[PDB]
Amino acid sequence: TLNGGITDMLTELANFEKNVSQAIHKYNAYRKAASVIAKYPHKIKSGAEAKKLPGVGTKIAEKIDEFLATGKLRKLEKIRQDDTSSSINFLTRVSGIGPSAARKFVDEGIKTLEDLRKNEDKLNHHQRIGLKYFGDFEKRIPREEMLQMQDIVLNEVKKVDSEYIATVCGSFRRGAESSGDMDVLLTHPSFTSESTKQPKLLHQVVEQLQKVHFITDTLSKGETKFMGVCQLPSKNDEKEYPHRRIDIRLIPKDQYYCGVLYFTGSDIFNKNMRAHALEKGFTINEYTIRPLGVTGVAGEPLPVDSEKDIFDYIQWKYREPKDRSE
């Protein structure tokens, strides 16, 4: 982190744009700039130097000059002092409260953790769980703990059906020493792009993980995606482990490589790769890569037998997961 000061500033700007201004393209622009600066291997000496990086433009270069000179950004100093902006930014830290809900809550006068706790009746199911575990959800998960969680999930899934394959993705698969949450990609030969030969494939797995008290709460659940809370078991006399977020995604078995590409991320990596695909005349989702016809309609799914095949289509050199942390 040679340029941590700058990347922190840009991230705070991004969050303000997303949460307060509700400007999603500005949010993405700031994050893209922060990401490109974060991997730049020199300590940045000026705005002009930064402006040579793709995604850093005139306005960001100016902000960088201000920050290098003074160590702060007047724009941010003002935003921090603003009560409405401060409140909104805080409320969006609760899982389930977005920019819209946060602004609506602040209008009602609900703008602190204390206010939230006394107005549970005003929260939906997801938000009530987000509040319950507010503290826990902001803690990172050490890789050592991720390994214990992997063992529980993989062993429990095997007990449901030995044909399931579960893969931990996200930052874990990128080799991070700590993770924000646990991301699990699940496949079963009965669920392909052509047919669903068994019902409740995801349900059976969630149920089993609940039965062993690993999964503790549910935020949302459908046929292909579960979003919930889990917790490692603690030993006798041991303090409990924090509750953790868990996401499970059931992907058609024949579409594993596209699925694991998506779920490995990072998010900014996915955005960059998908944008590059479009420039190259292709569209990528978690299921397929398809050509874009002259008109605009996506064509038929192209053959994929490896993650690398996807990179080959868009003429990118292959990047191992560890090199996708953007």
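The first residue of the sequence shown is number 1, and the count goes up from there. In this text, the rigid core denotes the largest set of C-alpha atoms whose superposition between the two forms falls within 1.5 Å.
Take 258-266 and 276-284, fit the other structures onto the shown form by the rigid core, and average the C-alpha distances in 7 other deposited structures of this protein: the farther stretch is 276-284.
The stretch that moves more in 7 other deposited structures of this protein, judged by CA deviation after a rigid core superposition and choosing between 164-172 and 69-77, is 69-77. Compared against other deposited entries of this protein, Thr196 counts as often unmodelled, lacking coordinates in at least a third of those that resolve the residues around it. Taking only CA atoms, the mean B-factor in the PDB entry is higher for 66-74 than for the other of 255-263 and 66-74. The PDB entry records a higher mean C-alpha B factor for 198-206 than for its counterpart among 240-248 and 198-206.
When the C-alpha B-factors of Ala277, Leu292, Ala61, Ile37 are read from the PDB record, the largest value belongs to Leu292. Of the residues listed, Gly180, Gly228, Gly109, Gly130, the entry assigns the biggest Cα temperature factor to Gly109. The entry lists a Cα temperature factor for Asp305 that places it in the highest third of the chain's modelled residues.
Placement of the Cα temperature factor of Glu223 within the chain: middle third of the modelled residues, per the deposited record.
Placement of the Cα temperature factor of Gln22 within the chain: middle third of the modelled residues, per the deposited record. Ranked by C-alpha B-factor against the other modelled residues of its chain, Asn272 falls in the middle third. Per the deposited record, the Cα B-factor of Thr283 falls in the middle third when ranked against the other modelled residues of its chain.
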